[PDB]
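S.K.: Need coordinates for the following:
(chains A, B, C, D, E and F, ligands or ions: 23)
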Amino acid sequence: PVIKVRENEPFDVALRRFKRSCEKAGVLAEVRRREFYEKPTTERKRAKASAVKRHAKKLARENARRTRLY
Amino acid sequence: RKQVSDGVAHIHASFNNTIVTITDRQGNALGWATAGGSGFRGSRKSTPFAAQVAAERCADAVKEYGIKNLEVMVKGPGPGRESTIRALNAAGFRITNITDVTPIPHXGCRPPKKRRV
Amino acid sequence: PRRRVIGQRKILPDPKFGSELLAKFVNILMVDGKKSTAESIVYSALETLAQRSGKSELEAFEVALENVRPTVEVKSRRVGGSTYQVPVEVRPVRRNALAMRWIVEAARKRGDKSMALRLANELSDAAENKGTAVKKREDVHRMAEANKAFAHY
RNA sequence: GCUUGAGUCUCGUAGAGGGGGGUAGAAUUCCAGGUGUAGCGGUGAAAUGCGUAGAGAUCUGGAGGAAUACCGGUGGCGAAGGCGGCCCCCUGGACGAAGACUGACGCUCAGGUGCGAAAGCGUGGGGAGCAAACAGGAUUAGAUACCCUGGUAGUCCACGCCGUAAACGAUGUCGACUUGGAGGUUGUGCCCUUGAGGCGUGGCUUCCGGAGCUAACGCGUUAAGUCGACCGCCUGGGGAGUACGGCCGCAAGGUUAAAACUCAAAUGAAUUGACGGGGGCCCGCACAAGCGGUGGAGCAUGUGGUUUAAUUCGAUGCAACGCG
RNA sequence: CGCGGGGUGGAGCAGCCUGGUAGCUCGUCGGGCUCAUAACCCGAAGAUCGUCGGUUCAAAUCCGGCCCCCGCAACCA
RNA sequence: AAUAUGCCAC
Ligand SMILES: [Mg+2]
Ligand SMILES: [Mg+2]
Ligand SMILES: [Mg+2]
Ligand SMILES: [Mg+2]
Ligand SMILES: [Mg+2]
Ligand SMILES: [Mg+2]
Ligand SMILES: [Mg+2]
Ligand SMILES: [Mg+2]
Ligand SMILES: [Mg+2]
Ligand SMILES: [Mg+2]
Ligand SMILES: [Mg+2]
Ligand SMILES: [Mg+2]
Ligand SMILES: [Mg+2]
Ligand SMILES: [Mg+2]
Ligand SMILES: [Mg+2]
Ligand SMILES: [Mg+2]
Ligand SMILES: [Mg+2]
Ligand SMILES: [Mg+2]
Ligand SMILES: [Mg+2]
Ligand SMILES: [Mg+2]
Ligand SMILES: [Mg+2]
Ligand SMILES: [Mg+2]
Ligand SMILES: [Mg+2]
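M.R.: Residues are numbered from 1 along each chain as shown, chains lettered A, B, ... in the order given. Ligands and ions are numbered 1, 2, ... in the order given. Now the structure:
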């Protein structure tokens, strides 16, 4: 997440580009993940749960595409 | 007393406090300021405004070295990553490099057990 | 309420000067619905302050109000364990209402004789930042400055 | 005798499969030093704790241990437990294509033997981080807990022992048959690789669902469908997986496994409410914003209580008490 | 039996060693929040100091005994 | 952030 302010690059846009570079690297997500230790059982359980909810959401999405509401 | 012109600003923003340190390009610290030393205790010590105040105070404390431009290296996940750099540029140093140096172990040790509040 | 209020109630400008600001002042000073007494007291205070100073009654009243008007106050927010004294900027109508209310509180708590005398003296002190009203505004701004860390919300 | 079960060989394939050895970078910690000042660290707040003996921060150089970010994937392998940096040596299994070979050599399995997470035990090492025990601070009526600051065993290695887990897809192993769809992964064939395309065929794996089954929930070609072979296991709840006795163990304990009494239930799945310090969307002077009260004073009035011969009876959470 | 202490609201403790006056916590009472209780919040009262007798202008205090309660010692033969 | 309890047939 290292940036270089270039020629004729104002401070605000340099900071914005730095923000987006940090998010692209995802650093804060990893730090908030590593703040505590979560057991391998918890890791596996929550990974499975996230995958299950993603699958359910996408099936509900492209099923309700074939549904009229009003 | 010594003139350095080109400095490096390490921001260390944890979830509870922001430490801003201006050094030369050798790691020799020239000054520092902290959100807790800027008159903030507890609930307010870890807010972007507190980080802004601390960065401003550090900038003013490092004035006689005649620092013109700063590299910037940011560490930690705290709120003091944003307002601190804003306050540095508002103070007036030419910010030429902004880097995130947050420690990310490539595994590493075992983190503390998870809280149950 | 959970819906929304209609437009504010129409207020008839006071007869002597035709200022709805002074009408609101009279209403705020009024007690037990005795508007005649409130208007007489306000008018006596206004003429007395105009004579002691030199300014027109209306402009002198505006100066006294402006020296008391706040700009940011503190409201309570809940997160946990403690409360946030979040500083919020005030709208001008609330500014004038608060200034009038603080002036009237200070005037009532003053220790003179006739309430017209109390109000004239309090407004005169506000004309150079001395009254309990300007003290209250001082307290409000310094409390908001102390809590400024919570402003981002 | 036969080959279609079972197995061997030939060629390749994909993989955190296993054992041994080496190494890599990131990071925490510690040690030495340089710059550098009064805070740091922590919390819902706080304090214990660290710091002017110069902490925290930042830089340089070492030391050592543990785990391998990204790749990373209801992805892969393994009989299960489980296995994830990179490299090398030894090594097991699966799978595909074509052919040849052996010719029922098969399936299951009481007793037996082996493997078997974590914790734990023995000996010898190791010890960065984390952390039972422990101590202090806080919270609280208490708080021998959650939270905070430290911290030992232990997590790590070699060998030996334990042999238990919600050891779980709560679903024994093997075989055959019975509509589909969308994927994922790994081979293999055809053509046109004519744009990584389609067209098949194998293996494993994920979700939905059909007939059927099921008490229902649900399962549904990876069956809980239709059958066959063998084994294990159950017979109301509690007592009790306990006691006694065998066997195993160094111990913790594991395994096998009752009884007397006692109850008329215990239980599973769904249904309607109610409730939640569960979620979403709302509303009400519910809060918020204001104004004015009560609670203090004297009096009026009602009530409770005392009192009296009687202080008539009734109302007494909101929704009784200037009430009948 | 000797020696050192102790007797203070309902309970536990201070105060007292420097004679001019008795406090803390819990508890009790009254009200408040609650549907009600506990916790909690706000107010109040409570002991004239073991006891007798002295000293002193004044004794919880100083003194002498007396009463009860602890502690140490009660030995050598 | 703290937020314990509720035995009188129906
Ligand atoms: Mg922590
Ligand atoms: Mg057996
Ligand atoms: Mg172990
Ligand atoms: Mg032990
Ligand atoms: Mg050991
Ligand atoms: Mg050892
Ligand atoms: Mg250690
Ligand atoms: Mg403790
Ligand atoms: Mg701890
Ligand atoms: Mg078992
Ligand atoms: Mg398992
Ligand atoms: Mg499982
Ligand atoms: Mg089972
Ligand atoms: Mg078998
Ligand atoms: Mg498999
Ligand atoms: Mg299904
Ligand atoms: Mg069944
Ligand atoms: Mg047993
Ligand atoms: Mg036995
Ligand atoms: Mg209100
Ligand atoms: Mg009363
Ligand atoms: Mg009253
Ligand atoms: Mg009556």
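
S.K.: where does residue B:20 land in three-state SS?
M.R.: strand (DSSP: H, G, I helix; E, B strand; the rest coil).

S.K.: burial of it, as a residue count?
M.R.: Residue B:20: 30 surrounding residues under other Cβ atoms under 10 Å in any protein chain shown. Heads up, the C-betas are built off the backbone N, CA and C, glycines and all.

S.K.: and it, how far is that from RNA strand D?
M.R.: 8 Å (Cβ to the nearest atom of the strand, to the nearest Å).

S.K.: next one: residue C:115
M.R.: Residue C:115 is 13 Å from RNA strand D, by Cβ to the nearest atom of the strand.

S.K.: Same check on residue C:127?
M.R.: Taken as Cβ to the nearest atom of the strand, the span from residue C:127 to RNA strand D is 23 Å.

S.K.: so who does that residue touch?
M.R.: Contacts for residue C:127 were tallied using Cβ atoms under 8 Å, 6 or more residues apart in numbering or on different chains; they are C:49, C:53, C:60, C:63, C:64, C:67.

S.K.: What residues of the helix or strand encompassing the first one count as buried?
M.R.: In this structure, residue C:49 sits in helix C:35-53 according to DSSP states H and E. Of the residues in helix C:35-53, those buried under the neighbour-count criterion (16 or more other Cβ atoms under 10 Å in any protein chain shown) are C:38, C:39, C:41, C:42, C:43, C:44, C:45, C:46, C:48, C:49, C:50, C:53.

S.K.: list the helices and strands the helix or strand just after it packs on?
M.R.: Next helix or strand after helix C:35-53 toward the C-terminus (DSSP H and E): helix C:57-66. If you count contacts as 3 or more Cβ pairs under 8 Å, 6 or more residues apart in numbering or on different chains; DSSP states H and E, helix C:57-66 packs onto helix C:20-29, helix C:35-53, helix C:92-109, helix C:115-126.

S.K.: Make CSV out of these and add distance to chain A.
M.R.: CSV is the format used below for these (distance: least, Cβ to the nearest Cβ, whole Å):
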stretch, distance to chain A
helix C:20-29, 42
helix C:35-53, 49
helix C:92-109, 31
helix C:115-126, 42
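
S.K.: Contact partners for the nearest residue to residue C:101 once chain neighbours are set aside?
M.R.: Distance criterion Cβ to Cβ, 6 or more residues apart in numbering or on different chains; nearest residue to residue C:101, sequence neighbours excluded, is residue C:28 at 6.0 Å. By Cβ under 8 Å, 6+ apart, residue C:28 lies in contact with C:97, C:100, C:101, C:104.
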